[PDB]
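This report concerns only the one structure given below.
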Amino acid sequence: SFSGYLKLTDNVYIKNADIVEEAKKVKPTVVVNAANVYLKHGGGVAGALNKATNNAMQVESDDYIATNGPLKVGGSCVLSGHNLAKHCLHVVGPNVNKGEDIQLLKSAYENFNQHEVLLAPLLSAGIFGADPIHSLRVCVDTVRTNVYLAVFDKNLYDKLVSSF
Ligand SMILES: O=C(O)[C@@H](Nc1ncnc2[nH]ccc12)c1ccc2c(c1)OCCO2
């Protein structure tokens with residue numbers, strides 16, 4: 001059901017799109033959230049997905065944290081997709097602006113291999129402070145399942161495609 005994606009490899013596809021608008025259109029089985037260890041969906045992709053669920057994602061996430069404690073950096077948990085998807089795979093990539101180890105990004109992408117097809121952002125890019133070109137390279141070299149990447153920024157999308 002995905003459309004207008006550019007094929008990068010056998011299993012990796014990319015599109016200049018708002019992941020919230022893409023999610024409401026496709027209603028995929030899994031939408032990936034660029035989460036932090038506490039599942040506090042304040043800004044970036046996480047704040048945009050949470051706002052699209054009318055804060056239902058935050059309420060569900062606080063109950064998950066109250067029961068299980070925080071995630072590890074490089075880890076993940078599967079929660080409801082609410083009105084956007086069947087499931088939301090909350091993945092924690094290293095936040096360079098918090099001094100976290102960029103080496104954990106490959107461990108972060110390995111979480112995608114547990115799902116046949118996913119709609120996702122570039123992990124650790126944006127407000128997480130990592131080089132998006134490096135994030136796309138780690139993605140293509142780590143994920144074996146079908147991943148459809150949504151890149152919000154037009155200028156960044158062009159840079160990623162032209163330098164791939
Ligand atoms: O367009 C994007 O998808 C991307 N923006 C940028 N990623 C890097 N340098 C950038 N320069 C200008 C925009 C930009 C992004 C924005 C928020 C994000 C995110 C990724 O993933 C994790 C947390 O929230």
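Residue numbering restarts at 1 in every chain; chains get A, B, ... in the order shown in the structure tokens, and ligands count up from 1 in that same order.
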
Self-check item: Within 7 Å of ligand 1, counting only C-alpha atoms and all ligand atoms, residues as a list in words
Solution: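 Every residue with an atom at most 7 Å from ligand 1 is listed here: residues 34, 44, 45, 46, 121, 122, 123, 124, 125, 126, 127, 128, 131, 132, 150, 151, 152, 153 and 156 of chain A.
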
Near residue 137 of chain A, counting only C-alpha atoms, which residues have an atom at most 12 Å away, once you skip same-chain residues fewer than 3 positions from it, shown as a CSV table (one decimal) with C-alpha atoms, in the first residue's frame?
```csv
chain,number,residue,atom,x,y,z
A,8,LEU,CA,17.5,2.4,-2.7
A,9,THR,CA,18.3,-1.4,-2.2
A,12,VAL,CA,15.0,-0.2,1.6
A,105,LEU,CA,22.8,2.9,16.3
A,106,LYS,CA,23.4,-0.5,14.6
A,109,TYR,CA,18.3,-0.8,13.7
A,122,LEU,CA,15.9,7.7,10.1
A,123,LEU,CA,17.0,6.8,13.7
A,131,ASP,CA,24.7,12.5,10.7
A,132,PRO,CA,21.6,11.5,8.7
A,133,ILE,CA,23.8,10.1,5.9
A,134,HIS,CA,25.5,7.8,8.4
A,140,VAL,CA,20.8,-0.3,4.6
A,141,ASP,CA,23.7,-2.4,6.1
A,142,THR,CA,21.6,-3.6,9.1
A,143,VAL,CA,17.9,-4.0,8.2
A,160,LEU,CA,20.4,11.7,1.1
A,161,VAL,CA,19.3,10.5,-2.4
A,163,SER,CA,24.9,11.1,-1.9
A,164,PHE,CA,23.7,7.5,-1.6
```

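Close contacts of segment 72-79 of chain A, defined as residues with an atom at most 9 Å away when counting only C-alpha atoms, with chain neighbours fewer than 5 positions off set aside, comprise residues 35, 36, 37, 57, 60, 61, 64, 87, 88, 89, 90, 91, 92, 93, 94, 95, 100, 101, 104, 105, 106, 107, 108, 109, 110 and 111 of chain A.
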
Output the selection as an mmCIF file, in the first residue's frame - N, CA, C and O atoms for each residue.
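Full text of part_1.cif as output:
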```cif
data_model
loop_
_atom_site.group_PDB
_atom_site.id
_atom_site.type_symbol
_atom_site.label_atom_id
_atom_site.label_comp_id
_atom_site.auth_asym_id
_atom_site.auth_seq_id
_atom_site.Cartn_x
_atom_site.Cartn_y
_atom_site.Cartn_z
ATOM 1 N N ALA A 35 11.960 7.008 19.763
ATOM 2 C CA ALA A 35 11.700 7.193 21.184
ATOM 3 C C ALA A 35 12.977 7.464 22.016
ATOM 4 O O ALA A 35 14.107 7.298 21.506
ATOM 5 N N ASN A 36 12.790 7.941 23.262
ATOM 6 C CA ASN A 36 13.843 8.030 24.274
ATOM 7 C C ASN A 36 13.513 6.930 25.334
ATOM 8 O O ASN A 36 12.412 6.371 25.298
ATOM 9 N N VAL A 37 14.460 6.606 26.241
ATOM 10 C CA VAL A 37 14.326 5.494 27.216
ATOM 11 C C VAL A 37 13.124 5.592 28.123
ATOM 12 O O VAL A 37 12.663 4.565 28.656
ATOM 13 N N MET A 57 -1.026 7.811 22.978
ATOM 14 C CA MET A 57 0.277 7.142 22.955
ATOM 15 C C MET A 57 1.042 7.431 24.252
ATOM 16 O O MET A 57 1.592 6.505 24.844
ATOM 17 N N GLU A 60 -0.574 5.499 27.284
ATOM 18 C CA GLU A 60 -0.204 4.106 27.192
ATOM 19 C C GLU A 60 1.275 3.909 27.570
ATOM 20 O O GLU A 60 1.622 2.959 28.286
ATOM 21 N N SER A 61 2.155 4.820 27.097
ATOM 22 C CA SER A 61 3.600 4.741 27.363
ATOM 23 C C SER A 61 3.934 4.935 28.854
ATOM 24 O O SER A 61 4.751 4.187 29.387
ATOM 25 N N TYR A 64 3.241 1.710 30.569
ATOM 26 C CA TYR A 64 4.308 0.754 30.234
ATOM 27 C C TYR A 64 5.543 1.003 31.119
ATOM 28 O O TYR A 64 6.055 0.053 31.725
ATOM 29 N N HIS A 87 0.483 -1.517 15.187
ATOM 30 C CA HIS A 87 1.460 -1.431 16.276
ATOM 31 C C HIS A 87 2.409 -0.269 16.089
ATOM 32 O O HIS A 87 2.657 0.155 14.950
ATOM 33 N N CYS A 88 3.012 0.198 17.199
ATOM 34 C CA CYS A 88 4.079 1.198 17.180
ATOM 35 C C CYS A 88 5.297 0.547 17.799
ATOM 36 O O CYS A 88 5.218 0.046 18.925
ATOM 37 N N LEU A 89 6.393 0.479 17.047
ATOM 38 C CA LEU A 89 7.642 -0.065 17.546
ATOM 39 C C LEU A 89 8.478 1.109 18.033
ATOM 40 O O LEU A 89 8.995 1.911 17.216
ATOM 41 N N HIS A 90 8.543 1.282 19.358
ATOM 42 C CA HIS A 90 9.285 2.391 19.932
ATOM 43 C C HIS A 90 10.733 1.993 19.991
ATOM 44 O O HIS A 90 11.064 1.098 20.755
ATOM 45 N N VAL A 91 11.587 2.618 19.150
ATOM 46 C CA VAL A 91 13.010 2.295 19.116
ATOM 47 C C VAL A 91 13.853 3.434 19.648
ATOM 48 O O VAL A 91 13.676 4.584 19.227
ATOM 49 N N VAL A 92 14.791 3.119 20.554
ATOM 50 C CA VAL A 92 15.679 4.136 21.123
ATOM 51 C C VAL A 92 17.052 4.162 20.433
ATOM 52 O O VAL A 92 17.851 3.238 20.587
ATOM 53 N N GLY A 93 17.294 5.186 19.627
ATOM 54 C CA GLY A 93 18.601 5.381 19.017
ATOM 55 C C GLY A 93 19.453 6.259 19.927
ATOM 56 O O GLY A 93 18.897 7.020 20.746
ATOM 57 N N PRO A 94 20.801 6.210 19.820
ATOM 58 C CA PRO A 94 21.624 7.091 20.674
ATOM 59 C C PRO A 94 21.368 8.578 20.379
ATOM 60 O O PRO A 94 21.217 8.967 19.225
ATOM 61 N N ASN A 95 21.290 9.403 21.427
ATOM 62 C CA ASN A 95 21.114 10.831 21.276
ATOM 63 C C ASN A 95 22.485 11.432 21.502
ATOM 64 O O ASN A 95 22.961 11.473 22.634
ATOM 65 N N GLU A 100 25.413 10.154 24.233
ATOM 66 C CA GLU A 100 25.242 8.713 24.034
ATOM 67 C C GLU A 100 26.077 8.165 22.870
ATOM 68 O O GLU A 100 26.370 8.879 21.905
ATOM 69 N N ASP A 101 26.509 6.912 22.991
ATOM 70 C CA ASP A 101 27.390 6.244 22.037
ATOM 71 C C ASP A 101 26.752 5.938 20.658
ATOM 72 O O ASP A 101 25.898 5.056 20.572
ATOM 73 N N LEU A 104 25.800 2.504 19.183
ATOM 74 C CA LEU A 104 24.538 1.832 19.533
ATOM 75 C C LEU A 104 23.467 1.940 18.430
ATOM 76 O O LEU A 104 22.406 1.305 18.530
ATOM 77 N N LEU A 105 23.723 2.748 17.383
ATOM 78 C CA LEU A 105 22.774 2.923 16.307
ATOM 79 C C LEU A 105 22.531 1.611 15.560
ATOM 80 O O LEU A 105 21.371 1.315 15.228
ATOM 81 N N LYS A 106 23.593 0.789 15.332
ATOM 82 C CA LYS A 106 23.376 -0.482 14.643
ATOM 83 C C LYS A 106 22.467 -1.393 15.515
ATOM 84 O O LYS A 106 21.501 -1.965 15.010
ATOM 85 N N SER A 107 22.705 -1.436 16.825
ATOM 86 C CA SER A 107 21.838 -2.208 17.746
ATOM 87 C C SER A 107 20.372 -1.666 17.673
ATOM 88 O O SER A 107 19.412 -2.439 17.652
ATOM 89 N N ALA A 108 20.223 -0.343 17.542
ATOM 90 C CA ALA A 108 18.901 0.269 17.405
ATOM 91 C C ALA A 108 18.180 -0.239 16.129
ATOM 92 O O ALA A 108 17.029 -0.682 16.216
ATOM 93 N N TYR A 109 18.894 -0.277 14.966
ATOM 94 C CA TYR A 109 18.278 -0.751 13.723
ATOM 95 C C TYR A 109 17.954 -2.249 13.736
ATOM 96 O O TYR A 109 17.050 -2.681 13.008
ATOM 97 N N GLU A 110 18.717 -3.054 14.495
ATOM 98 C CA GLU A 110 18.459 -4.510 14.538
ATOM 99 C C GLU A 110 17.011 -4.839 14.999
ATOM 100 O O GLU A 110 16.451 -5.882 14.641
ATOM 101 N N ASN A 111 16.392 -3.918 15.757
ATOM 102 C CA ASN A 111 15.021 -4.103 16.225
ATOM 103 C C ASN A 111 14.045 -4.250 15.043
ATOM 104 O O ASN A 111 13.098 -5.042 15.126
#
```

Practice problem: Extract, using only C-alpha atoms, all DNA, RNA and protein residues at most 12 Å from residue 86 of chain A, discarding same-chain residues fewer than 5 positions from it, and format them as a ChimeraX atom specification. | Solution: /A:23-24,26-32,78-81,117-119

If you run DSSP on this backbone, which residues of segment 54-164 of chain A come out as helix (DSSP H, G or I), and could you give them as a compact mmCIF listing (two decimals) with C-alpha atoms, in the first residue's frame?
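Listing of out.txt after writing:
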```
# COMPACT_ATOMS: atom_id res chain seq x y z
CA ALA A 56 -3.30 8.27 23.80
CA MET A 57 0.28 7.14 22.95
CA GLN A 58 1.68 9.07 25.99
CA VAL A 59 -0.96 7.64 28.39
CA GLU A 60 -0.20 4.11 27.19
CA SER A 61 3.60 4.74 27.36
CA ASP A 62 3.50 6.07 30.98
CA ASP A 63 1.64 2.86 32.05
CA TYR A 64 4.31 0.75 30.23
CA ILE A 65 7.12 2.65 32.06
CA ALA A 66 5.35 2.43 35.46
CA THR A 67 5.25 -1.39 35.01
CA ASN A 68 8.57 -2.15 33.26
CA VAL A 96 24.44 12.52 20.37
CA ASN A 97 23.19 15.77 22.01
CA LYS A 98 23.12 13.77 25.33
CA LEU A 104 24.54 1.83 19.53
CA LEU A 105 22.77 2.92 16.31
CA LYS A 106 23.38 -0.48 14.64
CA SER A 107 21.84 -2.21 17.75
CA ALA A 108 18.90 0.27 17.41
CA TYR A 109 18.28 -0.75 13.72
CA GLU A 110 18.46 -4.51 14.54
CA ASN A 111 15.02 -4.10 16.22
CA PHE A 112 13.45 -3.60 12.72
CA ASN A 113 14.50 -7.19 11.75
CA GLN A 114 11.73 -8.56 14.05
CA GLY A 126 17.01 15.39 13.61
CA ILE A 127 17.06 16.55 17.24
CA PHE A 128 19.00 13.33 18.18
CA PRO A 132 21.58 11.45 8.69
CA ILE A 133 23.82 10.14 5.86
CA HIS A 134 25.50 7.82 8.43
CA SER A 135 22.05 6.77 9.77
CA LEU A 136 20.85 5.82 6.26
CA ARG A 137 24.07 3.79 5.68
CA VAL A 138 23.68 1.89 9.00
CA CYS A 139 20.00 1.28 8.08
CA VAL A 140 20.80 -0.26 4.64
CA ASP A 141 23.68 -2.35 6.11
CA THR A 142 21.61 -3.65 9.10
CA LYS A 154 12.90 18.29 1.51
CA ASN A 155 16.48 19.61 1.42
CA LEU A 156 17.68 16.61 3.51
CA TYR A 157 15.77 14.13 1.30
CA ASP A 158 17.58 15.47 -1.82
CA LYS A 159 20.97 15.31 -0.05
CA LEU A 160 20.39 11.71 1.07
CA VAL A 161 19.34 10.51 -2.40
CA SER A 162 22.14 12.36 -4.30
CA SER A 163 24.88 11.12 -1.90
```

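From atom CA of residue 50 of chain A back to atom CA of residue 147 of chain A, the distance works out to 21.3 Å.
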